[PDB]
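Down below is the structure, laid out as structure tokens.
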Amino acid sequence: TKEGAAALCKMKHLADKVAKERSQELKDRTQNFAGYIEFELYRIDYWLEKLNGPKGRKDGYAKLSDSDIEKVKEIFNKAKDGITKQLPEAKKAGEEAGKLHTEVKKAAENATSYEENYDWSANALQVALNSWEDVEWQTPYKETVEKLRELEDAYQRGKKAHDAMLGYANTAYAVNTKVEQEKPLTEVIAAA
Amino acid sequence: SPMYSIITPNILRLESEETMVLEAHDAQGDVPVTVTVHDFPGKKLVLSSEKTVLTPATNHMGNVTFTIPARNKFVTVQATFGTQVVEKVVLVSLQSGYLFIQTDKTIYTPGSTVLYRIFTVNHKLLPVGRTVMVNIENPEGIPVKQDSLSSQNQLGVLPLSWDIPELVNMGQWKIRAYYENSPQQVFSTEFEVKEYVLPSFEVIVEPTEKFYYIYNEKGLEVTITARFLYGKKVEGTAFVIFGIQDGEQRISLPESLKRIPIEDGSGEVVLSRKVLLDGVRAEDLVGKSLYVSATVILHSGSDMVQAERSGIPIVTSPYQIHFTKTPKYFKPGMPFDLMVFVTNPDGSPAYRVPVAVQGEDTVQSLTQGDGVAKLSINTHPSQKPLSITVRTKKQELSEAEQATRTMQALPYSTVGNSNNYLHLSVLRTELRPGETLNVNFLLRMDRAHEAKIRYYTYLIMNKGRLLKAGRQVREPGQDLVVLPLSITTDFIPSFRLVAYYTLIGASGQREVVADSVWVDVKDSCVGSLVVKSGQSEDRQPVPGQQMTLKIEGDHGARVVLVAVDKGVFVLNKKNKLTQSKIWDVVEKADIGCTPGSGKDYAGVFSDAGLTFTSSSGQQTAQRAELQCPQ
Amino acid sequence: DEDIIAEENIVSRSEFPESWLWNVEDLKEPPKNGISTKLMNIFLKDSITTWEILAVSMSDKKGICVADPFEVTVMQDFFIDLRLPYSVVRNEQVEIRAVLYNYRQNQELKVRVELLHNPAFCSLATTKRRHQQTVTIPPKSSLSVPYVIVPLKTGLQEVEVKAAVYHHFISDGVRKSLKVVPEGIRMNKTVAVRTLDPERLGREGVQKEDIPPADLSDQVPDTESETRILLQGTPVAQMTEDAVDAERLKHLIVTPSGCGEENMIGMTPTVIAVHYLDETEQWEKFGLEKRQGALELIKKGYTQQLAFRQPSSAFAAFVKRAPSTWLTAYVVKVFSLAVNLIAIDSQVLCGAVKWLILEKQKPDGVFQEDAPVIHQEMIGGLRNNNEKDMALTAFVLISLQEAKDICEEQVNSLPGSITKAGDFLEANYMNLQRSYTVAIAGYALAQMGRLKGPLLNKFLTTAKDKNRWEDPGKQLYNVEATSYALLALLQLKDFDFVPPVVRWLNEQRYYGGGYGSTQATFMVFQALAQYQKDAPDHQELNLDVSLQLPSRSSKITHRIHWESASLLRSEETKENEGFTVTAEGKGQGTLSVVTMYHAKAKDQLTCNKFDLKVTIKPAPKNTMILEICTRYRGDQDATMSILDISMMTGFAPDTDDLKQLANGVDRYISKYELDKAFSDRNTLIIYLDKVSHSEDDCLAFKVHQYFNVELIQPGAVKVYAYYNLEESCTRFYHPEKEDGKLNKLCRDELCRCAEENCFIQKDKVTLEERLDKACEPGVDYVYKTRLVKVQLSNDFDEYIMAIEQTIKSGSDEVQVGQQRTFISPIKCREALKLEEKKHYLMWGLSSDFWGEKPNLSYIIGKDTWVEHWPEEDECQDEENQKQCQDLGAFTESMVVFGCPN
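Chains as they are written, first to last, in this note's numbering: chain A, 63 to 254; chain B, 332 to 961; chain C, 44 to 944.
The structure is reproduced here in structure tokens:
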């Protein structure tokens with residue numbers, strides 16, 4: 063029946079899309095967390111150094127009260143200490159995702175429906191599509207879904223790490239442009 | 332108040348040597364000068380850059396040579412004089428040189444191989460090697476053969492061969508060649524592919540008079556000369572038919588068909604006025620072009636040759652007057668010279684035809700070999716436009732057939748109404764290389780500041796590149812001065828001599844007055860190539876007899892020889908290569924657009940093909956058209 | 044033959060080139076007086092004519108120089124000008140001229156002219172008999188020697204003639220080559236014409252077109268049929284591109300003078316206008332010199348803006364006031380465009396980008412504004428506070444992207460910041476509602492190239508009216524949204540939707556300039572410049588055509604692409620078959636395959652301009668009466684015509700008849716022709732004023748005989764108009780032959796000459812002579828048989844010889860009982876004294892076979908031998924005893940032993 067041919071064409075198109083679009087995109091989004099955490103740590107360190115550094119005239123921080131400087135330094139140090147621990151989780155995840163993407167690309171290379179293009183989903187539809195279809199080239203298709211789910215979990219780990227890092231990242235930037243204006247100790251410590 | 336000025340070519344050329352002139356009026360001591368070139372779209376690319384020093388020993392005159400490393404392209408040239416920066420925008424032409432296609436035979440037959448040569452030259456006619464693309468096009472316009480050749484050590488000579496297929500349509504084939512760097516410019520030659528058999532004799536038709544007067548009751552006399560290709564005369568029967576033609580008309584005259592016995596290769600036929608009138612008012616025939624078709628058949632009846640001459644003009648005057656070589660502007664209060672050109676109805680120069688003006692009839696100058704006569708008239712200081720008429724005063728001729736031409740001369744637009752005029756005068760003749768031209772410079776200005784002018788800056792323009800630049804010394808009280816300019820082989824075919832001088836007026840304003848003149852020199856080859864028979868005492872060679880050929884030419888010159896049977900030229904001879912065609916093509920490539928002065932200094936500079944930019948504000952109008960205005 | 048040079052000793056002149064001396068030489072000899080002389084040795088060609096030599100020199104210092112042509116004259120006391128047509132129709136008798144020219148003062152030359160035997164021509168000359176004539180040439184005279192030749196086979200045949208002078212050591216031989224073409228006509232037909240264009244009405248693979256062999260119904264046998272295939276391109280390029288007048292935007296030039304905000308307001312229009320003209324190259328009509336002033340103003344404004352540079356590399360209207368993020372973003376965006384215009388300092392840009400990154404960075408991809416600009420109209424589209432976090436961040440990201448190229452090595456955090464800003468933009472892209480906000484977000488995200496799938500669908504669907512981006516506000520907002528959309532589409536390389544928006548923008552008739560219009564003008568001009576820069580006319584051709592021909596094992600691959608002048612391609616094939624063409628690539632093309640060959644002559648091939656009547660009759664010196672004239676088939680009387688008559692050898696015209704006819708009206712005869720007969724009058728020319736096209740009112744005249752020569756050459760007649768020789772009608776006449784046509788034996792298109800003796804020879808003949816003549820190399824089959832039945836045909840007599848008994852069988856192993864056909868002329872029957880129902884012994888050559896294997900019809904030529912065998916009861920006569928005994932001895936000898944050869 064033509065339904066089988068249409069399903070086969072759809073599965074081939076989805077496999078090609080996953081091999082050429084999803085695989086490449088997923089890897090590039092996993093190594094950016096390491097480059098952002100280190101960059102923000104460097105920016106926080108630079109901000110701390112500029113505060114009560116070898117010179118002054120640092121906009122409003124120059125006239126900042128002595129008491130507020132201690133609190134600003136303490137909160138900056140706390141944020142810097144908190145953010146450091148997240149680096150290895152993203153560093154290992156990046157290499158794991160790269161290796162898994164290479165393996166998946168190698169596996170993929172080893173191996174009517176046009177109106178359905180509105181689906182625009184190639185996340186975990188391969189195994190299910192094969193499931194409806196069933197109801198030499200078949201064997202490699204079995205582990206592709208498992209590898210893709212493993213990649214999704216690995217990327218979710220890095221996403222969770224980045225989201226957790228935001229909690230400590232946002233506080234330092236707040237107090238920065240809060241004190242950067244004419245805001246006295248009151249509001250600052252009240253919010254801190 | 333030192334004033335720094337720069338003179339540049341109007342149009343620059345890629346990978347072509349160019350020269351810029353730097354001058355300074357009222358300057359003291361030595362001054363360094365830096366020159367920079369930038370590309371207009373980006374203004375950052377540095378095509379070339381050079382610097383020098385101007386010293387009073389040379390009266391603050393400098394020449395700097397630059398060459399481009401290589402949607403009209405433009406460049407910006409900036410000169411820094413230490414304290415003043417002057418920048419000018421100059422158009423750049425993509426033309427690189429000239430391509431000449433020489434064909435072994437004018438007409439070819441199927442199967443016969445076609446051998447041709449490509450000669451590549453620069454704007455100076457020197458041999459230049461470059462990549463050239465060549466195409467062969469059939470009459471319908473479908474290129475059959477395409478090639479891309481290059482010349483490095485061939486001295487610009489590229490031979491090529493093509494094989495004509497057995498089945499080829501008959502018509503007019505073309506061979507086109509163009510430089511790779513300039514795809515928009517192509518040189519094309521046209522030849523004939525038509526089935527034919529070589530003849531045994533050549534027939535020529537010669538009219539007794541190059542024209543045909545309307546009132547000539549006798550008619551038109553035509554002599555038919557048929558002679559064997561080897562020189563011997565021909566005897567036979569010739570049929571001659573006359574006809575009229577206003578271009579693409581070809582109206583034959585059945586009543587004019589005549590048959591004559593050509594004896595000893597001589598035959599005369601007469602076309603009566605009555606027959607011409609019947610074929611078609613007597614005055615309505617003006618502008619009609621007569622043509623004659625003659626077919627000669629030998630008494631043996633084995634060979635036939637057809638010869639015809641078309642395009643005999645019908646005019647009421649045996650001569651025509653033109654002012655194409657005369658300036659269209661005059662300086663009030665100064666003598667005015669008209670270079671009147673007298674030509675035959677066909678187009679060839681005249682033969683010592685006197686010319687005179689209605690006013691001041693005492694002037695009577697006979698045309699020289701070149702057919703150009705000098706008419707000098709005193710002009711009043713009036714400012715209104717002048718009107719001048721020129722007639723013909725040929726002796727033994729009535730006033731009915733005399734020529735006529737009226738022209739308007741506009742006043743020279745002096746800047747600031749300072750009535751300052753500079754006039755350049757040169758004797759006109761067929762100049763030859765090595766001759767000396769005693770140019771005359773004359774100055775007319777108020778006596779108040781006559782002691783301020785001390786020199787005139789003069790330049791020579793030829794083939795775009797500035798041939799030479801110099802200064803002519805002037806002293807108080809010397810209104811007229813003589814410059815013995817030298818003419819050498821570097822000249823030819825023609826050149827422009829410009830001369831200018833700058834001064835501060837009553838209001839302390841920098842004003843420059845310039846004048847340009849046209850000089851015509853005899854057209855001749857740069858070198859000297861001669862081919863003749865080595866033997867000095869021998870009879871006509873018999874078939875298959877050894878002979879010695881003597882060729883005289885410049886040392887280290889690439890000489891190419893080709894032998895073409897005379898009978899080939901009898902059928903078709905339109906395609907021919909000669910030095911005259913090359914000189915005409917070179918002249919047509921000149922950037923000038925006026926044979927003399929213009930309206931003001933800026934106009935004179937623009938017409939002469941040079942841009943003159945000063946540091947005070949004076950500048951010439953930008954030119955953005957490769958071809959002259961029509 | 045006394046004191047006559049033998050034909051063998053005479054060398055014929057064959058080299059007749061139309062052009063030679065195609066040599067290259069260099070002048071390297073020691074120059075003298077600035078002139079170098081070179082001596083060369085050359086061989087003059089055998090052709091007797093005037094040679095023109097043109098020399099062109101190219102010196103390293105002088106240049107191109109053309110010398111005057113040099114004329115060389117080649118002369119001989121006596122010569123021949125052999126005139127032949129370029130081509131002769133096969134199986135069509137033609138006439139050629141051998142005119143002998145002499146230029147002696149008072150010497151009369153008795154010349155002998157001979158034509159060599161050519162197997163490809165059926166001429167009077169034979170192997171044993173030589174066709175030669177004797178003529179007398181007076182001093183300084185030309186005498187014509189016409190010759191009639193019948194071509195047999197096509198190709199580059201050669202005709203050789205020779206002339207010898209009596210009592211002198213003068214001899215001249217002329218050999219000339221002519222291309223004999225098979226009878227037919229130059230006709231061509233269009234085999235096929237198709238359009239090659241994939242990706243339209245084609246197929247998922249590659250289009251294939253099969254061209255079968257052409258009709259060639261009337262193709263002459265064994266004739267070449269060359270097939271030419273022409274590939275033509277159609278690079279159409281016309282989309283109605285429209286620019287904006289450069290003279291109408293002169294108001295956009297403003298001198299930069301202000302306290303930051305005003306200075307930027309003034310400078311932005313000037314810099315954007317300069318960029319627009321630079322991209323479009325409109326300075327020609329806008330003023331080349333004004334560019335210098337514009338650049339000066341731009342640099343002055345840039346220096347003025349730098350004057351207000353903060354210590355932290357920030358930009359603010361007032362130094363004391365805190366910097367504004369939007370103001371510095373606009374500053375860097377403006378400076379990024381003007382990098383190539385002025386000598387900008389990369390250090391300032393690097394410091395500005397570093398300050399922008401370090402102030403607040405992007406912890407999540409959000410930009411915050413703390414110092415609103417004093418001028419509230421500068422923001423323009425950003426005035427609305429709805430989803431400002433989208434428009435502001437997108438604009439700042441675009442500004443960073445413009446300056447990324449310049450300052451990239453100094454700061455390596457730009458890519459990470461860009462990725463964070465993107466991730467934020469796509470975090471909640473589904474919430475955008477305003478058209479301007481959607482357009483700016485899409486343009487910002489299009490530079491990276493990660494706004495696809497549902498994002499692209501949402502961006503496209505936002506286009507209201509399918510051709511515009513409109514919002515309920517000022518025209519400035521709509522113009523900015525349209526510019527953003529145009530830039531985004533241009534970046535996305537979606538050309539199917541650009542022309543409409545560009546057309547609307549051009550039709551908007553908005554130039555801007557004034558208050559609150561800097562952003563709109565800047566963006567519209569930038570978008571227009573980008574469109575002009577990146578707008579290739581049509582899709583560049585990429586056709587790859589493969590031609591497969593059965594004759595050619597290897598396929599012919601051709602590439603047609605734009606910007607290469609390859610749109611015109613031609614190919615030729617010598618064989619016409621059912622070939623195939625496969626197209627490929629992107630582009631448009633057309634194929635035209637046309638076959639050229641030689642069609643059949645049909646029957647309309649004739650003079651087509653005159654109907655010729657020629658006749659010869661005996662007297663009422665033979666003194667025959669010859670009539671020649673012509674009729675015109677047109678609607679009006681023809682012009683002057685010329686009739687050329689070539690009389691048979693030994694025949695001359697009648698002087699009295701010519702003299703009487705000379706005075707006749709409408710007819711003229713040259714005086715030189717009238718006084719003749721001193722040597723011969725073979726050639727005669729008559730000039731007719733006109734020929735009647737309605738009635739045949741013509742004349743006849745007497746011809747006399749003075750010299751009797753066997754095998755008289757048939758007389759020839761030609762007529763042609765004075766103004767045209769192609770329309771010449773020719774005819775042949777002969778007293779004996781039916782129409783003066785040489786006899787020949789032809790089947791289908793294969794013809795062979797028949798101008799030969801009916802038999803070798805017949806008396807003193809003995810047994811030895813018979814044995815000698817019967818042992819020739821060609822003797823293959825000898826048959827003694829009784830001829831009984833004879834058949835008559837329209838061309839030649841046919842004899843059906845019945846095999847009574849076979850004596851010797853040659854190549855054809857024919858047994859007793861079969862019958863063979865012999866084709867011989869009826870006249871030859873009397874020569875061979877053949878009698879019906881009588882015994883005869885005949886033997887012939889092996890190359891005389893006529894017909895196919897089954898049809899071995901024989902031809903009795905000059906080499907075939909036939910002898911009469913007396914009847915069995917006829918040998919009893921006394922006079923026949925010797926002949927019968929000799930025949931019996933000859934038959935017995937050959938049968939037992941046979942000829943040794």
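Just so you know, even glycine gets a beta-carbon here, dropped at the ideal spot from N, CA and C.
Please list the terminal residues of the continuous beta strand (DSSP E) segment that includes residue i.
{"i": "B/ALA888", "result": "888-896"}
{"i": "C/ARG813", "result": "C/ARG813 -> not in any beta strand (DSSP E); alpha helix (DSSP H) instead, spanning 810-816."}
{"i": "C/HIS160", "result": "From DSSP, C/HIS160 is part of no beta strand (DSSP E); its letter is neither H nor E."}
{"i": "C/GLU72", "result": "C/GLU72 -> no beta strand (DSSP E), and no H or E assigned at all."}
Do residue j and residue i have their beta-carbon atoms positioned less than 9 Å apart in this structure?
{"i": "C/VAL208", "j": "C/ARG218", "result": "no"}
{"i": "C/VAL193", "j": "C/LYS787", "result": "yes"}
{"i": "B/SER380", "j": "B/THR396", "result": "no"}
{"i": "C/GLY677", "j": "C/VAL752", "result": "no"}
{"i": "B/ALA569", "j": "B/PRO592", "result": "yes"}
Taking residue i as the reference, give the member of the options with the closest Cα.
{"i": "C/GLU878", "options": "C/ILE902, C/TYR842, C/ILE846", "result": "C/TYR842"}
{"i": "C/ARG147", "options": "C/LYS183, C/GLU550, C/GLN119, C/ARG133", "result": "C/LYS183"}
{"i": "B/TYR932", "options": "B/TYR743, B/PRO496, B/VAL421", "result": "B/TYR743"}
{"i": "C/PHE361", "options": "C/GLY303, C/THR346, C/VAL131, C/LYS397", "result": "C/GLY303"}
{"i": "C/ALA482", "options": "C/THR462, C/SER460, C/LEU494, C/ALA531", "result": "C/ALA531"}
{"i": "B/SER347", "options": "B/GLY795, B/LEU768, B/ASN771", "result": "B/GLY795"}
{"i": "C/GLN861", "options": "C/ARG872, C/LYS851, C/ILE846", "result": "C/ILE846"}
{"i": "B/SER756", "options": "B/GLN809, B/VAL829, B/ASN750, B/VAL688", "result": "B/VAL829"}
Could you give the residue range of the alpha helix (DSSP H) that holds residue i?
{"i": "A/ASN232", "result": "203-241"}
{"i": "C/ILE308", "result": "304-323"}
Please check the pair residue i and residue j, which I expect to be a contact at CB under 8 Å, by giving their CB distance rounded to whole angstroms.
{"i": "B/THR723", "j": "B/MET334", "result": "50 Å between Cβ atoms; not a contact."}
{"i": "B/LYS881", "j": "B/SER864", "result": "7 Å"}
Three CB pairs or more closer than 8 Å across the segment 104-111 of chain C and the segment 164-174 of chain C: no
Indicate whether the contact test is met: 3 or more Cβ pairs, each with one atom in the segment 243-257 of chain C and one in the segment 548-555 of chain C, closer than 8 Å. no
Inspect the CB distances between the segment 919-936 of chain C and the segment 893-905 of chain C and report whether three or more fall short of 8 Å. no
State whether the segment 49-57 of chain C contacts the segment 66-84 of chain C, with contact taken as three or more CB pairs (one from each stretch) at a distance under 8 Å. no
Three or more C-beta pairs closer than 8 Å, one from the segment 373-386 of chain C and one from the segment 328-348 of chain C: is that the case here? At 8 Å Cβ cutoff, the stretches touch.
Contact between the segment 629-640 of chain B and the segment 523-539 of chain B is defined here as three or more beta-carbon pairs at a separation below 8 Å; is this criterion met? yes
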